[PDB]
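J.: I am attaching a structure below and will ask some questions about it afterwards.
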Amino acid sequence: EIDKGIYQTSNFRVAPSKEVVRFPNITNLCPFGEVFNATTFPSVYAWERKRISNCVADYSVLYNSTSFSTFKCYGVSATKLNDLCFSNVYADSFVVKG
Amino acid sequence: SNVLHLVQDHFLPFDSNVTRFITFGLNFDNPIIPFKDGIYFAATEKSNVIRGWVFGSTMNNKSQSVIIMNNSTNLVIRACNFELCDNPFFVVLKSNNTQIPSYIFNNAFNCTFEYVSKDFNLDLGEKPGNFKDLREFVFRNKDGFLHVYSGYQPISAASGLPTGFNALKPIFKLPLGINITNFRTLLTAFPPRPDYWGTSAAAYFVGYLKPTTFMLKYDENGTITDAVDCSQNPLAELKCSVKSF
Amino acid sequence: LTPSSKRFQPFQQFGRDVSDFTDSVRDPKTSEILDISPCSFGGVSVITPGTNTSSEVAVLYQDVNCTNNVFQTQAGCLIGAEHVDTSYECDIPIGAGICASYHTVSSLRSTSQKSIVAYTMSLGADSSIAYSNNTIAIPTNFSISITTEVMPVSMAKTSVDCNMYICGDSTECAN
Amino acid sequence: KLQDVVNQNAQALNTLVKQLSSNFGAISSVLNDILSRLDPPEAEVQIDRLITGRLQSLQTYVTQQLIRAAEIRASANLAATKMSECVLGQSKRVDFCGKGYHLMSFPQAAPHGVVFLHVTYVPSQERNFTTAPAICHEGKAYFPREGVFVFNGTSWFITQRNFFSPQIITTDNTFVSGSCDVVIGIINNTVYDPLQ
Amino acid sequence: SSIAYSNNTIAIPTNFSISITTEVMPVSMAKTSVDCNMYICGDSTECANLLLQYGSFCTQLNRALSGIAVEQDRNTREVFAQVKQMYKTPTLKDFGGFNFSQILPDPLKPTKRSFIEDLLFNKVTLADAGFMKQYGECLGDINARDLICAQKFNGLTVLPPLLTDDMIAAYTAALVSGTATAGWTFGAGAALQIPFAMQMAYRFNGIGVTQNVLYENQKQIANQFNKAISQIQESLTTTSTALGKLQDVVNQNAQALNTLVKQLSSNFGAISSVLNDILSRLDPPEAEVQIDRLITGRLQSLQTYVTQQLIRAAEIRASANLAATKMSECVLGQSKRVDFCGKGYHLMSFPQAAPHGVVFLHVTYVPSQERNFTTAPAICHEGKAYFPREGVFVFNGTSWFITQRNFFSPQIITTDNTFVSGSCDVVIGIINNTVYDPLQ
Ligand SMILES: *[C@@H]1O[C@H](CO)[C@@H](O[C@@H]2O[C@H](CO)[C@@H](O[C@@H]3O[C@H](CO)[C@@H](O)[C@H](O)[C@@H]3O)[C@H](O)[C@H]2NC(C)=O)[C@H](O)[C@H]1NC(C)=O
Ligand SMILES: *[C@@H]1O[C@H](CO)[C@@H](O[C@@H]2O[C@H](CO)[C@@H](O[C@@H]3O[C@H](CO)[C@@H](O)[C@H](O)[C@@H]3O)[C@H](O)[C@H]2NC(C)=O)[C@H](O)[C@H]1NC(C)=O
Ligand SMILES: *[C@@H]1O[C@H](CO)[C@@H](O[C@@H]2O[C@H](CO)[C@@H](O)[C@H](O)[C@H]2NC(C)=O)[C@H](O)[C@H]1NC(C)=O
Ligand SMILES: *[C@@H]1O[C@H](CO)[C@@H](O[C@@H]2O[C@H](CO)[C@@H](O)[C@H](O)[C@H]2NC(C)=O)[C@H](O)[C@H]1NC(C)=O
Ligand SMILES: *[C@@H]1O[C@H](CO)[C@@H](O[C@@H]2O[C@H](CO)[C@@H](O)[C@H](O)[C@H]2NC(C)=O)[C@H](O)[C@H]1NC(C)=O
Ligand SMILES: *[C@@H]1O[C@H](CO)[C@@H](O[C@@H]2O[C@H](CO)[C@@H](O)[C@H](O)[C@H]2NC(C)=O)[C@H](O)[C@H]1NC(C)=O
Ligand SMILES: *[C@@H]1O[C@H](CO)[C@@H](O[C@@H]2O[C@H](CO)[C@@H](O)[C@H](O)[C@H]2NC(C)=O)[C@H](O)[C@H]1NC(C)=O
Ligand SMILES: *[C@@H]1O[C@H](CO)[C@@H](O[C@@H]2O[C@H](CO)[C@@H](O)[C@H](O)[C@H]2NC(C)=O)[C@H](O)[C@H]1NC(C)=O
Ligand SMILES: *[C@@H]1O[C@H](CO)[C@@H](O[C@@H]2O[C@H](CO)[C@@H](O)[C@H](O)[C@H]2NC(C)=O)[C@H](O)[C@H]1NC(C)=O
Ligand SMILES: *[C@@H]1O[C@H](CO)[C@@H](O[C@@H]2O[C@H](CO)[C@@H](O)[C@H](O)[C@H]2NC(C)=O)[C@H](O)[C@H]1NC(C)=O
Ligand SMILES: *[C@@H]1O[C@H](CO)[C@@H](O)[C@H](O)[C@H]1NC(C)=O
Ligand SMILES: *[C@@H]1O[C@H](CO)[C@@H](O)[C@H](O)[C@H]1NC(C)=O
Ligand SMILES: *[C@@H]1O[C@H](CO)[C@@H](O)[C@H](O)[C@H]1NC(C)=O
Ligand SMILES: *[C@@H]1O[C@H](CO)[C@@H](O)[C@H](O)[C@H]1NC(C)=O
Ligand SMILES: *[C@@H]1O[C@H](CO)[C@@H](O)[C@H](O)[C@H]1NC(C)=O
Ligand SMILES: *[C@@H]1O[C@H](CO)[C@@H](O)[C@H](O)[C@H]1NC(C)=O
Ligand SMILES: *[C@@H]1O[C@H](CO)[C@@H](O)[C@H](O)[C@H]1NC(C)=O
Ligand SMILES: *[C@@H]1O[C@H](CO)[C@@H](O)[C@H](O)[C@H]1NC(C)=O
Ligand SMILES: *[C@@H]1O[C@H](CO)[C@@H](O)[C@H](O)[C@H]1NC(C)=O
Ligand SMILES: *[C@@H]1O[C@H](CO)[C@@H](O)[C@H](O)[C@H]1NC(C)=O
């Protein structure tokens, strides 16, 4: 029940009706084979840094080819990896013991 | 745009002491200047005497070093294990105004980084008058990256570092991952006679960055046109507190 | 998304305002700067009589120019209230000199149904008094008036037990 | 007005109670659930969040109560002033005690307040009258003493402004100063002397 | 300053000046409302659901702000709507030589308000410049970072006053016209028409000066009244900080809303203040921790705004109560309270409409050109002590007389001007003089 008078309701709202996804034009896949299937890996002290640019990071191709015992992401969510675009991405490779 | 932005980073404090190294006559300044946290580099020159720098820790082949020299044709960034010459220079004949090969290092091995710029033409000729160009650089080494900020200003000062304000834009973020504690400038030489050396008038200035609070002002076009050093004086710390000039 | 006049340097992709809200973005496919604006920009109020009195409602949009009733006020576009040229005392204050009430309006035939009406409120009774250099008004009678003035003096004195309100009968929360 | 006060107070408490059902970044607002479901280390975070939220709620209640108490203090100061000036005396302040000229006031107790019955004098049934600033009797100007010169229609009288009571213009009701030419609207009339 | 004391020197003013002073009083302040969801979450459904799960206590905030808004409309009504009947502006604006043209609306002017009122509205610069801003207007004005568009995009609204500026000026015109025509009578009861010169004579009697002083000096006083009005007009035309009190009020309200907007860039223990950045990067479990921190900090910011608004509204309420008291006591009547309405003995006051306030022009009687005299407490005529009745004995340098303290008008000491009580020995400074008897 409302008594007589004038009341401030919520601000006028517009519900979005369409989605607009805009990504840059990329035609190639990221060098997953070059990074995760390299013939040789460096020592940990001489760890090797490589730059990645202009590619689609579809890690579903990593399935059925490689199996990771450790996979942990910091500052980001794993389930969010497919919906993002990454800037200044580098891959560091080395070998340690268990 | 149209905002006052307060930011804390490694900045060159206002009215800081800046050491000067000159190349004119009988002195060819090539010392080993410590890098510390970071350096502000400004070169006053009418001719392209300044060519680049060499950053490292021991400045020999016992550790990795990076060279950002600009030869006559293109800019070369090379992070390698360099047997650096104690007196590295370029050589250009004063009358011929041509560059001939010169040695910065004896041997390079175990190299980790390499970058070559696009080809361009550089004027090696000696020029008369006062200093015509001012090139400003900021070098920051943090988290395995060498940050380079560059800015250019036309000046007409005969001596000293001209006063003013200039915002340096980011040009390079080099993934070197090397320990940098020292650096040496690379200048070209103008030898008139073989077996003897010569110099052309040019100067560069070195200042050390410190962690400070700055209030940057953005104009309509998004450029930085002025700044306030909130640690300079009690008046300046008042302006930053109230966020107004 | 709207076209923008902002100029972005090659190393810039997003822009923010003083609220740190992302308001500009460079489109990836076509390097054009676009401006992003919130979808909600409405000042909305609802005028109602008593709920038991009626379920009719009049809505005021403060930021909308009107170009069933759709009357335009200086307060905003008012929808669902009839505009009457008669000036009354204020009942529900719409604003900017406009008030609203629930008055019996015979829109069709003589329906004798009540509707929400919007009007310019009356400031007071209109009067005219004559001035001259030699006329004075002297009262020939008087009345004894008694008026009431109600003034609050005190309010309820209250106390709060912190451990009870915050933790209740919990020892762990008390510690 | 009085009702309003009490209403606010009730609201200020009821809201408090309802705010006990509020999560503040915690899994639940029920302390017993958190204590029954988690170890002391894991329950400490949720309990701290609830503690911060409830302490903020109490802070808000006390601040609003302070402001309301300041308003009530101002109202009670005005009421005490009115008791001293309208009830214990007669006030010449306009509209301080009722409408019209103040005669007296009577206090009455009310729930958390006071009701003042202001007894006032209201003039009515006015009548228009020709009037003059002064009277020119014999080269001398006579001004009324606590009154106004009025014209019934036939002869001039002097009356008090508030109530109409015509009196014969005598030397006791008027005082003489200056000459007749200075006053603008001066008119000619006789001033009765009881001595003659 | 140095002032001399003695047992028989009194200073009686021999002249006076009509002075008009201004008093600027705030009456109301901007009425504001806040959209809880817009300010904290914007157009974010994920945040809105978390704000619902979080204890949202911002129906309490809007309740406090709505109470402020109703009080602001109450403040103006209590000050300006004290007149029951609107009195038409007289066609002629020169009552007995007193010029009321400037403080009354000009029929030819389209602004339907007084000339002085126009000067006041030009002084204070208002920020809103209207209470309507359309969606297309702010979209087309994105290049210029308008503060009003910025705060309206964040759920902060300013509600228009119930009484428009023309309505308040209408109340002021009725108040000025009623005083110039009906005098003090319409303040307490029905209006009684009285000639303005006689009204001035009555007011002179109230401050203890006889009526003849007004009538014999009517031309001089009317000229002094007109010049005093012009000096007020000239002072307002030149730039000044006279209306700074009203300007201070509007500055605080705008500053509070701009602080609210700037606090949205605030992190509260969170990774970022941008809600979209957090949601684009974390799962609902991990984003819940960050969003809750932003919710708590932003709710506290709104709490601080409302609490400061409540305290500011209390000060405006106290100021508006004083203005409502000054309207009844200085405008609708004559006040014997010292320094309540201007400096000096109060004659009359004229209200003027101002942005979010009221300006009072207080007409006061200021004595000047005093003269020293030899004075005695009483007169010993024949074994009897004669004390003055509403006056003071003054030697004048020749013969003892009796005069009113405020204005010097020597009168022959008669049995009418004095009363006799006791003997001569009791009084200390009693002196010998003759008391004239009319019947002798
Ligand atoms: C400045 O430094 C740059 C980078 O070191 C020099 O550019 C590169 O110079 C090398 C050596 O002359 C070139 O290698 C040569 O390539 C040709 C085929 O193109 C081959 O026939 C030669 O035997 C030799 O391997 C390299 O191509 C060249 N790269 C570019 C981008 O031009 C540059 O010449 C230096 N300029 C001077 C000396 O001022
Ligand atoms: C009380 O002080 C006022 C001043 O505020 C005195 O009024 C002044 O009176 C003198 C003489 O009556 C005026 O001088 C006249 O000036 C006109 C030109 O305007 C000239 O034609 C006359 O021949 C004469 O010289 C003076 O203007 C006037 N000033 C004002 C402002 O009105 C008043 O006389 C004083 N009263 C007593 C009892 O001292
Ligand atoms: C690293 O640098 C040192 C110093 O320049 C080199 O040592 C010199 O080696 C040459 C032979 O190549 C000798 O003739 C010099 O006498 C040595 N000097 C000193 C001071 O030891 C060393 O060979 C370099 N190692 C490299 C190039 O890997
Ligand atoms: C931002 O950039 C624009 C475009 O360069 C500047 O506008 C020009 O300003 C110059 C110098 O006043 C004029 O000669 C041009 O005619 C302007 N062109 C246009 C498109 O208007 C603008 O002044 C710059 N703003 C700032 C403050 O740097
Ligand atoms: C990336 O691809 C898109 C889609 O092909 C390009 O957008 C179109 O470009 C063509 C040629 O310039 C235009 O005629 C169309 O009108 C564009 N359509 C859209 C979607 O605007 C876009 O230009 C490409 N960008 C790059 C980086 O080449
Ligand atoms: C709303 O928009 C209209 C224009 O569409 C504004 O002016 C009205 O314009 C029409 C058509 O030319 C005229 O017939 C009316 O007389 C105009 N006046 C009004 C007040 O209706 C109108 O001013 C706008 N209203 C607001 C408050 O923005
Ligand atoms: C003028 O005032 C006088 C005094 O009140 C009024 O005269 C009286 O009239 C009544 C009725 O005729 C007589 O009984 C009295 O004897 C009169 N008194 C005197 C002193 O003459 C008279 O009515 C007034 N004039 C008007 C027009 O009202
Ligand atoms: C009041 O009486 C006086 C004197 O009896 C009148 O003044 C006279 O008026 C006549 C008419 O013009 C003049 O001729 C005389 O010179 C005046 N006498 C003096 C001494 O100035 C006066 O007019 C009367 N007033 C009214 C209103 O009748
Ligand atoms: C009251 O004051 C106003 C303002 O000074 C007077 O109006 C002026 O009159 C003069 C002479 O006619 C004009 O030159 C001005 O332009 C008028 N100003 C305005 C604002 O209208 C008015 O005449 C005065 N009234 C009287 C009779 O004293
Ligand atoms: C005022 O007059 C009285 C009486 O005329 C004076 O009192 C007399 O003063 C003389 C002088 O000392 C005495 O001898 C008389 O005895 C007094 N008479 C009485 C009845 O007391 C008085 O002195 C006079 N005052 C002044 C200031 O002259
Ligand atoms: C894994 O997937 C590839 C296709 O991407 C397929 O050719 C191959 O047979 C699969 N199994 C392996 C590599 O054991
Ligand atoms: C790497 O390449 C070898 C040879 O083609 C293949 O047998 C192996 O499955 C590959 N592994 C990955 C990580 O794709
Ligand atoms: C000058 O430079 C040109 C080009 O390098 C070269 O051919 C010529 O021999 C040089 N002459 C001198 C003076 O050494
Ligand atoms: C560095 O170079 C030396 C030879 O000078 C070599 O023995 C050593 O293995 C190299 N180390 C790395 C990290 O490549
Ligand atoms: C509303 O009005 C109806 C009819 O007068 C009455 O029966 C009912 O009790 C009222 N309810 C309230 C909320 O006052
Ligand atoms: C009073 O006013 C009338 C009408 O304006 C006028 O005719 C008359 O002369 C005035 N009398 C006085 C005393 O000024
Ligand atoms: C006085 O005159 C006015 C018209 O100017 C009239 O309205 C009023 O009733 C009169 N009062 C009396 C009863 O004399
Ligand atoms: C009155 O006496 C005081 C003190 O001697 C003096 O300052 C003042 O000027 C005197 N005034 C007159 C008008 O004599
Ligand atoms: C007052 O004193 C003066 C100067 O002594 C004198 O001329 C006058 O007659 C005295 N009396 C009056 C009339 O005030
Ligand atoms: C005033 O005081 C003086 C000094 O004490 C004294 O001589 C004189 O008689 C006194 N006059 C009176 C009584 O007023």
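J.: For E:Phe131, are the conditions met, namely being aromatic (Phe, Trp, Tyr), closer than 30 Å to E:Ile68 by Cβ and in a helix (DSSP H, G or I)?
T.: no
J.: Please specify each residue of the stretch C:148-171 satisfying the condition of being surrounded by fewer than 13 Cβ atoms within 10 Å (Cβ to Cβ) and either among the charged types (D, E, K, R) or in contact with a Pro (Cβ under 8 Å, 6 or more places away or on another chain) (or both).
T.: Those that are surrounded by fewer than 13 Cβ atoms within 10 Å (Cβ to Cβ) and either among the charged types (D, E, K, R) or in contact with a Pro (Cβ under 8 Å, 6 or more places away or on another chain) (or both): C:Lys157, C:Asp161, C:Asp169.
J.: Let me ask something additional. Only one of B:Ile104, B:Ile33, B:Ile77 is more than 16 Å from ligand 12 (Cβ to nearest atom), surrounded by 14 or more Cβ atoms within 10 Å (Cβ to Cβ) and under 21 Å from B:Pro191 (Cβ atoms). Can you tell me which?
T.: Answer to the selection: B:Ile104.
J.: Which of the residues belonging to the stretch E:159-198 are polar (S, T, N, Q) and more than 10 Å from chain C (Cβ to nearest Cβ)?
T.: Result: E:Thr172, E:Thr179.
J.: Please tell me if E:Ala190 is surrounded by fewer than 23 Cβ atoms within 10 Å (Cβ to Cβ), in a helix (DSSP H, G or I) and touching a strand residue (DSSP E or B) at 6+ places or on another chain (Cβ under 8 Å).
T.: Spelling it out, it is not the case that E:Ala190 is surrounded by fewer than 23 Cβ atoms within 10 Å (Cβ to Cβ), in a helix (DSSP H, G or I) and touching a strand residue (DSSP E or B) at 6+ places or on another chain (Cβ under 8 Å).
J.: Moving to a separate point now. Taking the condition of being over 25 Å from the mean Cα position of the chain (by Cα) and surrounded by 14 or more Cβ atoms within 10 Å (Cβ to Cβ), how many residues in the stretch B:232-245 meet it?
T.: Total meeting the criteria: 4.
J.: Could you please give the count of residues in the stretch B:134-185 that are more than 13 Å from every other protein chain (Cβ to nearest Cβ) and either at positive phi or among the aromatic types (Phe, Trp, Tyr) (or both)?
T.: Looking only at that region, the number is 7.
J.: Across the stretch E:391-428, which residue is nearest to the chain's Cα centre (by Cα) among those that are within 16 Å of ligand 10 (Cβ to nearest atom) and loosely packed, with under 11 Cβ neighbours inside 10 Å?
T.: Checking each candidate, the answer is E:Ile428.
J.: Can you find even one residue in the stretch D:93-109 that is out of contact with any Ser or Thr (no Cβ under 9 Å at 6 or more places or on another chain), crowded, with 21+ Cβ neighbours inside 10 Å and in a strand (DSSP E or B)?
T.: Checking the stretch D:93-109: not a single residue is out of contact with any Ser or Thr (no Cβ under 9 Å at 6 or more places or on another chain), crowded, with 21+ Cβ neighbours inside 10 Å and in a strand (DSSP E or B).
J.: Turning to a different aspect of this structure: May I ask you to list pairs of residues, at least six apart or on different chains, whose Cβ atoms are under 7 Å apart, with the first in the stretch D:14-27 being within 7 Å of chain E (Cβ to nearest Cβ) and the second being surrounded by fewer than 17 Cβ atoms within 10 Å (Cβ to Cβ)?
T.: D:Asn23/E:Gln53; D:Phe24/D:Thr52
J.: Another question about this same structure. Give the residue, chosen from E:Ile278, E:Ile295, E:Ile232, that is more than 14 Å from chain D (Cβ to nearest Cβ), part of a helix (DSSP H, G or I), more than 41 Å from the chain's Cα centre (by Cα) and surrounded by 18 or more Cβ atoms within 10 Å (Cβ to Cβ).
T.: E:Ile278
J.: Is it true that some residue in the stretch E:409-419 is closer than 30 Å to E:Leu347 by Cα and within 16 Å of ligand 2 (Cβ to nearest atom)?
T.: yes
J.: If I go through the stretch D:134-155 residue by residue, how many of them are under 40 Å from the mean Cα position of the chain (by Cα), of a type in the set (A, V, I, L, M, F, W, C) and not in a loop (DSSP other than H, G, I, E, B)?
T.: Here the count works out to 5.
J.: Which ones in the stretch B:175-213 are more than 18 Å from B:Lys142 (Cβ to Cβ) and part of a loop (DSSP other than H, G, I, E, B)?
T.: The answer is B:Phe190, B:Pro191, B:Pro192, B:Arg193, B:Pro194, B:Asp195, B:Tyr196, B:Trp197, B:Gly198, B:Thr199, B:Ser200, B:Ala201.
J.: For the structure I just gave you, tell me whether B:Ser95 is within 14 Å of another protein chain (Cβ to nearest Cβ), farther than 17 Å from B:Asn30 by Cβ and away from ligand 11 (no atom under 16 Å from the Cβ).
T.: no
J.: OK, next. Quick check, is A:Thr40 exposed (fewer than 10 other Cβ atoms within 10 Å of the Cβ) and away from ligand 9 (no atom under 16 Å from the Cβ)?
T.: Criteria met by A:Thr40.
J.: Just give me the residues in the stretch B:73-118 being outside any strand (DSSP E or B) and hydrophobic (A, V, I, L, M, F, W, C), in sequence order.
T.: Answer for the stretch B:73-118, where residues must be outside any strand (DSSP E or B) and hydrophobic (A, V, I, L, M, F, W, C): B:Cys85, B:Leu93, B:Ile104.
J.: Taking E:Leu50 as meeting all but one of (1) over 30 Å from E:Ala169 (Cα atoms); (2) away from chain D (no Cβ under 14 Å), write down the number of the exception.
T.: (2)
J.: Regarding E:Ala127, is this residue within 18 Å of E:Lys31 (Cα to Cα) and surrounded by fewer than 17 Cβ atoms within 10 Å (Cβ to Cβ)?
T.: yes
J.: Also, quick follow-up: Across the stretch D:159-196, what is the number of residues that are touching a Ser or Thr at 6+ places or on another chain (Cβ under 7 Å) and under 13 Å from D:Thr131 (Cβ atoms)?
T.: Number satisfying all stated conditions: 3.
J.: I'm checking my understanding of the structure. Among residues of the stretch C:21-37 that are surrounded by fewer than 19 Cβ atoms within 10 Å (Cβ to Cβ) and within 30 Å of the chain's Cα centre (by Cα), which one is nearest to ligand 8 (Cβ to nearest atom)?
T.: So the residue we want is C:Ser37.
J.: Could you say which residue among E:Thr238, E:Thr157, E:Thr185 is surrounded by fewer than 17 Cβ atoms within 10 Å (Cβ to Cβ) and more than 20 Å from E:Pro105 (Cβ to Cβ)?
T.: The unique qualifying residue is E:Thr238.
Any read-out appearing in this document is the output of simple, stated calculations on the displayed coordinates, not a laboratory observation. Cβ coordinates were reconstructed from backbone atoms using ideal geometry, including for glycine residues, and neighbour counts include every protein chain displayed.
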